[PDB]
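Read the figures in this text as sums done on the coordinates, not as results from a lab. Please note: Cβ atoms are built from the backbone with ideal geometry, for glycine as well, and neighbour counts cover all protein chains shown.
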Amino acid sequence: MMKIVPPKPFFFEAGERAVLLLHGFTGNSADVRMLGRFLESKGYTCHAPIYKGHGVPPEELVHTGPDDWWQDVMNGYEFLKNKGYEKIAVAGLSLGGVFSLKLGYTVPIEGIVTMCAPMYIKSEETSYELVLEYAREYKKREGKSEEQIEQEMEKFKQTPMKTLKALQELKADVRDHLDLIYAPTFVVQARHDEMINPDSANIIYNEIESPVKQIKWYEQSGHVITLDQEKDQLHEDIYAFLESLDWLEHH
């Protein structure tokens, strides 16, 4: 057995334009680091928080939920503010996508990128499976026997996972609020998404009130689009998106 080293946030100082980067459920800042590195090379400052309960034992994760994770997201926004960045765009993977939309109708936001954010029901069973997968993998890495993983997996299944329905509640609430969003928005969806109902992206695209909005479909990617094989195209598209936004204080 072995302690597992938890993941850290990152802050890539470059220029006067700022982007908050938000990761997926059970993931961490690694989900968005390559995009961070790319945007930094184009002169964009980048902060990526970690949600509470993430990158730690699965028993610790199910003591957390979106009220906690929302607090890390808001803390990330405030972090860039306090370092002096006035205009902040936001870009999120999946769950990070949902928090980016939520940020859209809560605080001043230059632009939103939502990557494969769920809005329907496939999310509910695959979030459960994802949690089991993280758990087995974390248990393995810490070097536990198969029989001890099987024991601790059965116990994990039979103990409260209320975070899974809190997630569904977040999803519904953000969705019920989509028509409050006016900020320019880029919807990004993987065609062959086995984690969410991908029509979710039509939902987001259609129901926001943003005058400026775009949707792109990615035909060769799975759910985790930032780490899949079309990511370099995604880098470009997100960059072009940010370059098309305002970023200037008007008289």
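Assorted remarks:
- Of all residues in segment 1-42, those satisfying the criterion of being within 23 Å of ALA240 (Cα to Cα) and among the basic types (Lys, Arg) are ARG17, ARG33, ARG37, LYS42.
- Filter result (surrounded by 15 or more Cβ atoms within 10 Å (Cβ to Cβ), closer than 15 Å to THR114 by Cβ and not aliphatic (A, V, I, L, M)) within segment 217-247: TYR218, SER221, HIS223, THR226, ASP237, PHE241
- Residue identified as more than 24 Å from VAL19 (Cβ to Cβ), assigned to a helix (DSSP H, G or I) and touching a residue at least 40 places away in the same chain (Cβ under 8 Å) among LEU167, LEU234, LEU242: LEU167
- Among residues of segment 111-151, those that are more than 23 Å from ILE203 (Cβ to Cβ) and touching a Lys or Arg at 6+ places or on another chain (Cβ under 6 Å), counted: 1
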